[PDB]
Amino acid sequence: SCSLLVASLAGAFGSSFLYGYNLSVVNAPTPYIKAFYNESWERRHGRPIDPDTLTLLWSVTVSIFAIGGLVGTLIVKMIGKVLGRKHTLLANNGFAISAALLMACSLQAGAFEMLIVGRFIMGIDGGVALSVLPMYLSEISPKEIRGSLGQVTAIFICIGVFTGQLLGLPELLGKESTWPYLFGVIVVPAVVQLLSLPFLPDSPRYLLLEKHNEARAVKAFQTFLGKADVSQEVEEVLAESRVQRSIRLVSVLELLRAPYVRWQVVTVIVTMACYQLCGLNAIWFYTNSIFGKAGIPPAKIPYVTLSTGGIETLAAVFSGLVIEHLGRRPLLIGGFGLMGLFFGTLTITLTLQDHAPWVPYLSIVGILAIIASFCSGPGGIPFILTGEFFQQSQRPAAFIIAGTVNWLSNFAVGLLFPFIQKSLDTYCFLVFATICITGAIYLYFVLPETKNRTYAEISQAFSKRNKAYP
Ligand SMILES: O=c1[nH]c(=O)c2[nH]c(=O)[nH]c2[nH]1
């Protein structure tokens, strides 16, 4: 049904909206929570806090979000066998609310505990929310446009990040006080997802293979498709089902010891190890700090910051015309190299900062090129690259190895960024430059074209490089 198209859009809204929000909520109250941290550690552990460990306390406070995602990757392979798909999607609503109330209690109490452990309960909502959804929301009415749903998931991450700056302004909600409500505003998107979940009927391919409930399924497909002809669409979903139970689900550890995936387990991880160490997550995270040191005038940082996430939204909608026309190889490999030079130009601005008054205005232009290069370049392409990278026997095991490196890497970039700032001062992005160009070199010589080609030449092209032939 056409009316369900926006309902399904809302069904994918709160899960994607919330994950992006947590990446940008750090941005506005960054000095305010640190001052509130100062009121902590003197109340019970009475002594002034050394600045060396003060940054450590904030660094673990921000990076713990990634760790909750990592256990969110591991929780699926236990809970998924007995809990249902909507039932698992029902659970994160409870985790989101429980996480929010701990955040709302942050100023009610006088401790730092609830912020750290409470954000762990936000981290698990960065898990199953972005581990259930992306390959399991794929129940839009047309089955041929599913490539759009790849980017539809990605665009709402932009708004989730974008609303963080909007709701963190010095006029709307981000003040010296009322900062718990900046965290406490996360309730209303959660309940909206909770409100739409009963409104969303069910998962049409779940009840067919698990519950054996074809009588209710045919009514479900009429709700999604909105058409009377249903027999052809219910027979095709069983067509692949017999193939699924014919094939053997290969375990996780058998990949890391198989010689035919010697340079394929290590190349899927570095395709997305260069997704979090690409640095953009650091941009979103610590944006208030980094713009301040680049010669920017004070009292306007949030006033210019909206462009950091603004073009993220604009580039995402503009990415629809790029994927089909260019493919998946040249923009992925060309995206990293395009911004490898821009880090150098960024570092030129950050080093000088004084020769002209437009140098700080040149610094911000460098940042906007990085986001424009990213969403248009490597965006959701690594998510869908890995889908066709392996075959269907190891694909459910693909995200087991891919998810774990995703969040440990996100934990790595979040934890070590502030230490690099205080140590390397203005050359802090040189390390970020080395890793990103490394992805350009590594992926150039290994990855062939993947657009519009079936697995046969994907394997045959790789078999040459691998001398695989087991
Ligand atoms: O569409 C996205 N934009 C980002 O900024 C981002 N950061 C991340 O880790 N995953 C994504 N996905």
# chains A, B, ... in the order shown; residues from 1 in each chain; ligands from 1
call {"tool": "residues_near_ligand", "arguments": {"ligand": "ligand 1", "cutoff": "8 Å", "atoms": "only C-alpha atoms and all ligand atoms", "output": "PDB file with C-alpha atoms, in the first residue's frame"}}
result
ATOM      1  CA  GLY A  20      22.886   9.156  14.344  1.00  0.00           C
ATOM      2  CA  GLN A 151      20.506   4.634   0.799  1.00  0.00           C
ATOM      3  CA  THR A 153      18.694   3.702   5.640  1.00  0.00           C
ATOM      4  CA  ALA A 154      21.724   5.949   5.157  1.00  0.00           C
ATOM      5  CA  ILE A 155      19.898   9.262   4.656  1.00  0.00           C
ATOM      6  CA  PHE A 156      18.167   9.085   8.041  1.00  0.00           C
ATOM      7  CA  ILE A 157      21.586   8.749   9.670  1.00  0.00           C
ATOM      8  CA  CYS A 158      22.322  12.185   8.212  1.00  0.00           C
ATOM      9  CA  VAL A 161      23.414  13.634  13.088  1.00  0.00           C
ATOM     10  CA  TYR A 275      34.984   3.398   7.524  1.00  0.00           C
ATOM     11  CA  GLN A 276      35.533   4.400  11.175  1.00  0.00           C
ATOM     12  CA  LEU A 280      34.361  11.227   9.872  1.00  0.00           C
ATOM     13  CA  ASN A 281      33.040   9.714  13.099  1.00  0.00           C
ATOM     14  CA  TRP A 284      30.911  14.266  14.145  1.00  0.00           C
ATOM     15  CA  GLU A 312      25.781  15.174   4.820  1.00  0.00           C
ATOM     16  CA  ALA A 316      23.154  11.635   0.593  1.00  0.00           C
ATOM     17  CA  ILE A 371      31.910  15.107   4.263  1.00  0.00           C
ATOM     18  CA  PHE A 374      32.345  10.689   2.082  1.00  0.00           C
ATOM     19  CA  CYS A 375      28.569  10.397   1.728  1.00  0.00           C
ATOM     20  CA  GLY A 379      28.671   5.654   2.233  1.00  0.00           C
ATOM     21  CA  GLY A 380      26.438   2.610   2.303  1.00  0.00           C
ATOM     22  CA  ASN A 410      34.872   2.903  16.225  1.00  0.00           C
TER      23      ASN A 410
END
call {"tool": "residues_around", "arguments": {"residues": "residue 407 of chain A", "least_positions_apart": "6", "cutoff": "12 Å", "atoms": "only C-alpha atoms", "output": "PDB file with N, CA, C and O atoms, in the first residue's frame"}}
result
ATOM      1  N   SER A  63      33.691   6.831  23.910  1.00  0.00           N
ATOM      2  CA  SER A  63      34.021   5.606  23.187  1.00  0.00           C
ATOM      3  C   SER A  63      33.240   4.389  23.668  1.00  0.00           C
ATOM      4  O   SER A  63      33.184   3.389  22.944  1.00  0.00           O
ATOM      5  N   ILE A  64      32.631   4.445  24.856  1.00  0.00           N
ATOM      6  CA  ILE A  64      31.847   3.315  25.340  1.00  0.00           C
ATOM      7  C   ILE A  64      30.626   3.069  24.466  1.00  0.00           C
ATOM      8  O   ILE A  64      30.077   1.962  24.477  1.00  0.00           O
ATOM      9  N   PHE A  65      30.181   4.076  23.708  1.00  0.00           N
ATOM     10  CA  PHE A  65      29.084   3.860  22.773  1.00  0.00           C
ATOM     11  C   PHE A  65      29.437   2.782  21.762  1.00  0.00           C
ATOM     12  O   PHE A  65      28.595   1.950  21.408  1.00  0.00           O
ATOM     13  N   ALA A  66      30.683   2.780  21.292  1.00  0.00           N
ATOM     14  CA  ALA A  66      31.108   1.764  20.341  1.00  0.00           C
ATOM     15  C   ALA A  66      31.064   0.373  20.962  1.00  0.00           C
ATOM     16  O   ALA A  66      30.637  -0.587  20.310  1.00  0.00           O
ATOM     17  N   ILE A  67      31.486   0.249  22.223  1.00  0.00           N
ATOM     18  CA  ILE A  67      31.564  -1.064  22.857  1.00  0.00           C
ATOM     19  C   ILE A  67      30.177  -1.683  22.961  1.00  0.00           C
ATOM     20  O   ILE A  67      30.004  -2.893  22.777  1.00  0.00           O
ATOM     21  N   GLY A  68      29.168  -0.865  23.259  1.00  0.00           N
ATOM     22  CA  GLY A  68      27.806  -1.367  23.276  1.00  0.00           C
ATOM     23  C   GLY A  68      27.345  -1.850  21.917  1.00  0.00           C
ATOM     24  O   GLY A  68      26.494  -2.736  21.824  1.00  0.00           O
ATOM     25  N   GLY A  69      27.872  -1.259  20.847  1.00  0.00           N
ATOM     26  CA  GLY A  69      27.601  -1.792  19.524  1.00  0.00           C
ATOM     27  C   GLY A  69      28.240  -3.150  19.309  1.00  0.00           C
ATOM     28  O   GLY A  69      27.659  -4.023  18.658  1.00  0.00           O
ATOM     29  N   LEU A  70      29.444  -3.346  19.851  1.00  0.00           N
ATOM     30  CA  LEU A  70      30.156  -4.607  19.657  1.00  0.00           C
ATOM     31  C   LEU A  70      29.391  -5.763  20.289  1.00  0.00           C
ATOM     32  O   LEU A  70      29.177  -6.801  19.653  1.00  0.00           O
ATOM     33  N   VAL A  71      28.963  -5.601  21.544  1.00  0.00           N
ATOM     34  CA  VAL A  71      28.103  -6.606  22.153  1.00  0.00           C
ATOM     35  C   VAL A  71      26.748  -6.648  21.459  1.00  0.00           C
ATOM     36  O   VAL A  71      26.053  -7.668  21.521  1.00  0.00           O
ATOM     37  N   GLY A  72      26.353  -5.560  20.794  1.00  0.00           N
ATOM     38  CA  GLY A  72      25.158  -5.596  19.974  1.00  0.00           C
ATOM     39  C   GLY A  72      25.315  -6.446  18.731  1.00  0.00           C
ATOM     40  O   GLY A  72      24.327  -6.965  18.202  1.00  0.00           O
ATOM     41  N   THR A  73      26.541  -6.577  18.226  1.00  0.00           N
ATOM     42  CA  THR A  73      26.781  -7.524  17.143  1.00  0.00           C
ATOM     43  C   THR A  73      26.738  -8.959  17.648  1.00  0.00           C
ATOM     44  O   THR A  73      26.303  -9.857  16.921  1.00  0.00           O
ATOM     45  N   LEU A  74      27.189  -9.193  18.880  1.00  0.00           N
ATOM     46  CA  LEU A  74      27.262 -10.551  19.405  1.00  0.00           C
ATOM     47  C   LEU A  74      25.923 -11.034  19.953  1.00  0.00           C
ATOM     48  O   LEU A  74      25.681 -12.244  20.001  1.00  0.00           O
ATOM     49  N   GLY A 123      24.375   2.228  23.662  1.00  0.00           N
ATOM     50  CA  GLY A 123      25.229   1.515  22.727  1.00  0.00           C
ATOM     51  C   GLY A 123      24.588   0.252  22.186  1.00  0.00           C
ATOM     52  O   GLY A 123      24.730  -0.067  21.001  1.00  0.00           O
ATOM     53  N   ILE A 124      23.877  -0.489  23.041  1.00  0.00           N
ATOM     54  CA  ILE A 124      23.164  -1.672  22.568  1.00  0.00           C
ATOM     55  C   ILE A 124      22.081  -1.273  21.576  1.00  0.00           C
ATOM     56  O   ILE A 124      21.779  -2.023  20.640  1.00  0.00           O
ATOM     57  N   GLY A 126      22.600   1.091  19.546  1.00  0.00           N
ATOM     58  CA  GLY A 126      23.389   1.212  18.340  1.00  0.00           C
ATOM     59  C   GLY A 126      23.762  -0.111  17.711  1.00  0.00           C
ATOM     60  O   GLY A 126      24.477  -0.136  16.707  1.00  0.00           O
ATOM     61  N   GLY A 127      23.284  -1.212  18.282  1.00  0.00           N
ATOM     62  CA  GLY A 127      23.609  -2.564  17.889  1.00  0.00           C
ATOM     63  C   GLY A 127      22.473  -3.158  17.077  1.00  0.00           C
ATOM     64  O   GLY A 127      22.407  -2.993  15.845  1.00  0.00           O
ATOM     65  N   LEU A 130      20.862  -1.216  14.311  1.00  0.00           N
ATOM     66  CA  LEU A 130      21.600  -1.231  13.052  1.00  0.00           C
ATOM     67  C   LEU A 130      22.205  -2.598  12.751  1.00  0.00           C
ATOM     68  O   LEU A 130      23.211  -2.685  12.040  1.00  0.00           O
ATOM     69  N   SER A 131      21.617  -3.667  13.291  1.00  0.00           N
ATOM     70  CA  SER A 131      21.997  -5.030  12.930  1.00  0.00           C
ATOM     71  C   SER A 131      20.758  -5.841  12.585  1.00  0.00           C
ATOM     72  O   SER A 131      20.825  -6.759  11.761  1.00  0.00           O
ATOM     73  N   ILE A 269      37.473  -6.526   6.129  1.00  0.00           N
ATOM     74  CA  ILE A 269      37.623  -5.747   7.354  1.00  0.00           C
ATOM     75  C   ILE A 269      38.288  -4.407   7.067  1.00  0.00           C
ATOM     76  O   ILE A 269      37.880  -3.378   7.614  1.00  0.00           O
ATOM     77  N   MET A 272      36.123  -1.640   5.733  1.00  0.00           N
ATOM     78  CA  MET A 272      35.337  -0.939   6.743  1.00  0.00           C
ATOM     79  C   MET A 272      36.142  -0.635   8.007  1.00  0.00           C
ATOM     80  O   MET A 272      35.663   0.113   8.862  1.00  0.00           O
ATOM     81  N   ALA A 273      37.383  -1.111   8.112  1.00  0.00           N
ATOM     82  CA  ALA A 273      38.283  -0.483   9.068  1.00  0.00           C
ATOM     83  C   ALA A 273      38.578   0.943   8.635  1.00  0.00           C
ATOM     84  O   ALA A 273      38.794   1.818   9.480  1.00  0.00           O
ATOM     85  N   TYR A 275      36.288   2.758   7.390  1.00  0.00           N
ATOM     86  CA  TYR A 275      34.984   3.398   7.524  1.00  0.00           C
ATOM     87  C   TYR A 275      34.871   4.196   8.814  1.00  0.00           C
ATOM     88  O   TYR A 275      34.244   5.257   8.826  1.00  0.00           O
ATOM     89  N   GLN A 276      35.477   3.703   9.896  1.00  0.00           N
ATOM     90  CA  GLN A 276      35.533   4.400  11.175  1.00  0.00           C
ATOM     91  C   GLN A 276      36.848   5.140  11.383  1.00  0.00           C
ATOM     92  O   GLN A 276      36.840   6.266  11.887  1.00  0.00           O
ATOM     93  N   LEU A 277      37.979   4.546  10.994  1.00  0.00           N
ATOM     94  CA  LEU A 277      39.246   5.268  11.000  1.00  0.00           C
ATOM     95  C   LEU A 277      39.369   6.229   9.828  1.00  0.00           C
ATOM     96  O   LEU A 277      40.382   6.928   9.724  1.00  0.00           O
ATOM     97  N   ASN A 281      33.648   9.896  11.788  1.00  0.00           N
ATOM     98  CA  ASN A 281      33.040   9.714  13.099  1.00  0.00           C
ATOM     99  C   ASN A 281      33.714  10.597  14.140  1.00  0.00           C
ATOM    100  O   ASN A 281      33.052  11.126  15.041  1.00  0.00           O
ATOM    101  N   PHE A 399      28.743 -10.700   8.431  1.00  0.00           N
ATOM    102  CA  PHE A 399      28.575  -9.588   9.356  1.00  0.00           C
ATOM    103  C   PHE A 399      29.005  -9.935  10.775  1.00  0.00           C
ATOM    104  O   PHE A 399      29.126  -9.027  11.603  1.00  0.00           O
ATOM    105  N   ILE A 400      29.242 -11.212  11.080  1.00  0.00           N
ATOM    106  CA  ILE A 400      29.792 -11.553  12.387  1.00  0.00           C
ATOM    107  C   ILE A 400      31.227 -11.053  12.499  1.00  0.00           C
ATOM    108  O   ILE A 400      31.604 -10.435  13.501  1.00  0.00           O
ATOM    109  N   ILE A 401      32.043 -11.299  11.473  1.00  0.00           N
ATOM    110  CA  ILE A 401      33.401 -10.761  11.465  1.00  0.00           C
ATOM    111  C   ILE A 401      33.399  -9.276  11.113  1.00  0.00           C
ATOM    112  O   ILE A 401      34.245  -8.521  11.602  1.00  0.00           O
ATOM    113  N   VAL A 413      38.926   4.810  17.240  1.00  0.00           N
ATOM    114  CA  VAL A 413      39.024   6.188  16.767  1.00  0.00           C
ATOM    115  C   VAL A 413      38.483   7.152  17.812  1.00  0.00           C
ATOM    116  O   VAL A 413      39.003   8.260  17.979  1.00  0.00           O
ATOM    117  N   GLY A 414      37.432   6.756  18.527  1.00  0.00           N
ATOM    118  CA  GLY A 414      36.899   7.624  19.561  1.00  0.00           C
ATOM    119  C   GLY A 414      37.852   7.782  20.728  1.00  0.00           C
ATOM    120  O   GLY A 414      38.009   8.880  21.270  1.00  0.00           O
ATOM    121  N   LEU A 415      38.517   6.695  21.122  1.00  0.00           N
ATOM    122  CA  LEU A 415      39.339   6.736  22.326  1.00  0.00           C
ATOM    123  C   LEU A 415      40.612   7.544  22.110  1.00  0.00           C
ATOM    124  O   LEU A 415      40.996   8.342  22.971  1.00  0.00           O
TER     125      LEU A 415
END
call {"tool": "select_by_dssp", "arguments": {"residues": "segment 120-263 of chain A", "states": "helix (DSSP H, G or I)", "output": "ChimeraX atom specification"}}
result
/A:120-125,129-136,146-167,179-184,187-199,204-211,214-225,231-246,253-256,259-263
call {"tool": "atom_distance", "arguments": {"atom1": "atom CA of residue 220 of chain A", "atom2": "atom CA of residue 204 of chain A"}}
result
6.3 Å
call {"tool": "atom_distance", "arguments": {"atom1": "atom CA of residue 384 of chain A", "atom2": "atom CA of residue 150 of chain A"}}
result
7.5 Å
call {"tool": "decode", "arguments": {"residues": "segment 349-384 of chain A", "atoms": "N, CA, C and O atoms", "output": "mmCIF file, in the first residue's frame"}}
result
data_model
loop_
_atom_site.group_PDB
_atom_site.id
_atom_site.type_symbol
_atom_site.label_atom_id
_atom_site.label_comp_id
_atom_site.auth_asym_id
_atom_site.auth_seq_id
_atom_site.Cartn_x
_atom_site.Cartn_y
_atom_site.Cartn_z
ATOM 1 N N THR A 349 45.872 24.569 6.485
ATOM 2 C CA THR A 349 45.109 25.611 7.163
ATOM 3 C C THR A 349 45.328 25.566 8.669
ATOM 4 O O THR A 349 45.504 26.609 9.310
ATOM 5 N N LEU A 350 45.333 24.366 9.253
ATOM 6 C CA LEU A 350 45.463 24.255 10.702
ATOM 7 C C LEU A 350 46.853 24.656 11.178
ATOM 8 O O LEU A 350 47.015 25.058 12.335
ATOM 9 N N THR A 351 47.868 24.524 10.323
ATOM 10 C CA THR A 351 49.216 24.918 10.716
ATOM 11 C C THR A 351 49.403 26.431 10.678
ATOM 12 O O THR A 351 50.051 26.997 11.565
ATOM 13 N N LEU A 352 48.849 27.102 9.666
ATOM 14 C CA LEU A 352 49.130 28.527 9.480
ATOM 15 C C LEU A 352 48.244 29.386 10.378
ATOM 16 O O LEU A 352 48.730 30.051 11.299
ATOM 17 N N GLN A 353 46.938 29.394 10.106
ATOM 18 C CA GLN A 353 45.921 29.993 10.968
ATOM 19 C C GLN A 353 46.008 31.510 11.132
ATOM 20 O O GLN A 353 45.161 32.088 11.822
ATOM 21 N N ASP A 354 47.001 32.171 10.521
ATOM 22 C CA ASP A 354 47.265 33.578 10.823
ATOM 23 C C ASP A 354 47.609 34.452 9.627
ATOM 24 O O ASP A 354 47.549 35.677 9.766
ATOM 25 N N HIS A 355 47.962 33.894 8.469
ATOM 26 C CA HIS A 355 48.475 34.734 7.391
ATOM 27 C C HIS A 355 47.392 35.615 6.783
ATOM 28 O O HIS A 355 47.692 36.725 6.326
ATOM 29 N N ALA A 356 46.147 35.149 6.754
ATOM 30 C CA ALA A 356 45.025 35.941 6.276
ATOM 31 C C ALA A 356 43.810 35.672 7.153
ATOM 32 O O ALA A 356 43.694 34.585 7.732
ATOM 33 N N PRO A 357 42.886 36.637 7.275
ATOM 34 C CA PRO A 357 41.661 36.368 8.046
ATOM 35 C C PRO A 357 40.766 35.314 7.419
ATOM 36 O O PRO A 357 39.895 34.779 8.115
ATOM 37 N N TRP A 358 40.928 35.022 6.130
ATOM 38 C CA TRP A 358 40.147 33.997 5.452
ATOM 39 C C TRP A 358 40.740 32.599 5.590
ATOM 40 O O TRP A 358 40.130 31.639 5.108
ATOM 41 N N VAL A 359 41.904 32.455 6.227
ATOM 42 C CA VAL A 359 42.462 31.120 6.450
ATOM 43 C C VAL A 359 41.553 30.273 7.333
ATOM 44 O O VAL A 359 41.294 29.111 6.979
ATOM 45 N N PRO A 360 41.051 30.760 8.476
ATOM 46 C CA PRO A 360 40.022 29.983 9.188
ATOM 47 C C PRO A 360 38.781 29.724 8.353
ATOM 48 O O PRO A 360 38.187 28.644 8.458
ATOM 49 N N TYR A 361 38.367 30.682 7.523
ATOM 50 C CA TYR A 361 37.281 30.417 6.589
ATOM 51 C C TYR A 361 37.722 29.489 5.465
ATOM 52 O O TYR A 361 36.868 28.885 4.808
ATOM 53 N N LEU A 362 39.027 29.380 5.210
ATOM 54 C CA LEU A 362 39.518 28.324 4.332
ATOM 55 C C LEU A 362 39.560 26.980 5.047
ATOM 56 O O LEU A 362 39.404 25.937 4.403
ATOM 57 N N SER A 363 39.767 26.984 6.367
ATOM 58 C CA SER A 363 39.798 25.730 7.115
ATOM 59 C C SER A 363 38.450 25.022 7.071
ATOM 60 O O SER A 363 38.386 23.805 6.868
ATOM 61 N N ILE A 364 37.360 25.769 7.259
ATOM 62 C CA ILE A 364 36.039 25.151 7.277
ATOM 63 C C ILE A 364 35.691 24.582 5.909
ATOM 64 O O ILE A 364 35.031 23.541 5.816
ATOM 65 N N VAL A 365 36.124 25.241 4.832
ATOM 66 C CA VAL A 365 35.852 24.732 3.489
ATOM 67 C C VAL A 365 36.501 23.369 3.298
ATOM 68 O O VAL A 365 35.950 22.492 2.622
ATOM 69 N N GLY A 366 37.685 23.173 3.878
ATOM 70 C CA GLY A 366 38.328 21.873 3.789
ATOM 71 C C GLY A 366 37.505 20.776 4.433
ATOM 72 O O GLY A 366 37.405 19.667 3.902
ATOM 73 N N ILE A 367 36.905 21.068 5.588
ATOM 74 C CA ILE A 367 36.107 20.062 6.278
ATOM 75 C C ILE A 367 34.899 19.679 5.437
ATOM 76 O O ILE A 367 34.591 18.492 5.280
ATOM 77 N N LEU A 368 34.210 20.669 4.864
ATOM 78 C CA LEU A 368 33.004 20.369 4.102
ATOM 79 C C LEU A 368 33.309 19.506 2.884
ATOM 80 O O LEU A 368 32.465 18.709 2.459
ATOM 81 N N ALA A 369 34.506 19.633 2.316
ATOM 82 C CA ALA A 369 34.880 18.738 1.229
ATOM 83 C C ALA A 369 34.998 17.297 1.711
ATOM 84 O O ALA A 369 34.725 16.365 0.945
ATOM 85 N N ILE A 370 35.399 17.091 2.967
ATOM 86 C CA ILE A 370 35.581 15.733 3.473
ATOM 87 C C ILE A 370 34.236 15.028 3.584
ATOM 88 O O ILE A 370 34.081 13.883 3.148
ATOM 89 N N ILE A 371 33.240 15.702 4.159
ATOM 90 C CA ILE A 371 31.910 15.107 4.263
ATOM 91 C C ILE A 371 31.299 14.929 2.878
ATOM 92 O O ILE A 371 30.650 13.914 2.596
ATOM 93 N N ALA A 372 31.481 15.915 1.998
ATOM 94 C CA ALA A 372 30.958 15.791 0.642
ATOM 95 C C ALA A 372 31.608 14.630 -0.092
ATOM 96 O O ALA A 372 30.949 13.943 -0.881
ATOM 97 N N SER A 373 32.892 14.382 0.171
ATOM 98 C CA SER A 373 33.566 13.250 -0.452
ATOM 99 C C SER A 373 33.088 11.927 0.126
ATOM 100 O O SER A 373 33.131 10.899 -0.558
ATOM 101 N N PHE A 374 32.636 11.932 1.378
ATOM 102 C CA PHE A 374 32.345 10.689 2.082
ATOM 103 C C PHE A 374 30.980 10.131 1.701
ATOM 104 O O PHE A 374 30.876 9.014 1.184
ATOM 105 N N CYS A 375 29.919 10.897 1.963
ATOM 106 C CA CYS A 375 28.569 10.397 1.728
ATOM 107 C C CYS A 375 28.344 10.112 0.249
ATOM 108 O O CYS A 375 27.743 9.092 -0.112
ATOM 109 N N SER A 376 28.823 11.000 -0.622
ATOM 110 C CA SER A 376 28.778 10.724 -2.054
ATOM 111 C C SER A 376 29.704 9.575 -2.423
ATOM 112 O O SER A 376 29.384 8.785 -3.317
ATOM 113 N N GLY A 377 30.843 9.462 -1.743
ATOM 114 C CA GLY A 377 31.797 8.412 -2.005
ATOM 115 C C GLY A 377 31.492 7.176 -1.174
ATOM 116 O O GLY A 377 30.417 6.585 -1.323
ATOM 117 N N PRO A 378 32.410 6.743 -0.274
ATOM 118 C CA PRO A 378 32.075 5.575 0.551
ATOM 119 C C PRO A 378 31.017 5.908 1.590
ATOM 120 O O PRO A 378 31.297 6.562 2.600
ATOM 121 N N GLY A 379 29.790 5.466 1.330
ATOM 122 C CA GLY A 379 28.671 5.654 2.233
ATOM 123 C C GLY A 379 28.123 4.319 2.679
ATOM 124 O O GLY A 379 28.728 3.636 3.510
ATOM 125 N N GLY A 380 26.967 3.946 2.139
ATOM 126 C CA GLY A 380 26.438 2.610 2.303
ATOM 127 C C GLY A 380 27.016 1.583 1.361
ATOM 128 O O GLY A 380 26.602 0.422 1.400
ATOM 129 N N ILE A 381 27.960 1.979 0.500
ATOM 130 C CA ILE A 381 28.545 1.027 -0.448
ATOM 131 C C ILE A 381 29.278 -0.101 0.261
ATOM 132 O O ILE A 381 29.131 -1.260 -0.159
ATOM 133 N N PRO A 382 30.081 0.133 1.308
ATOM 134 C CA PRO A 382 30.675 -1.009 2.023
ATOM 135 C C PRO A 382 29.653 -1.957 2.626
ATOM 136 O O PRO A 382 29.924 -3.161 2.707
ATOM 137 N N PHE A 383 28.491 -1.458 3.056
ATOM 138 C CA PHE A 383 27.461 -2.347 3.582
ATOM 139 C C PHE A 383 26.967 -3.307 2.508
ATOM 140 O O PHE A 383 26.794 -4.504 2.769
ATOM 141 N N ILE A 384 26.741 -2.802 1.295
ATOM 142 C CA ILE A 384 26.247 -3.637 0.206
ATOM 143 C C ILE A 384 27.370 -4.294 -0.589
ATOM 144 O O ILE A 384 27.113 -5.270 -1.309
#
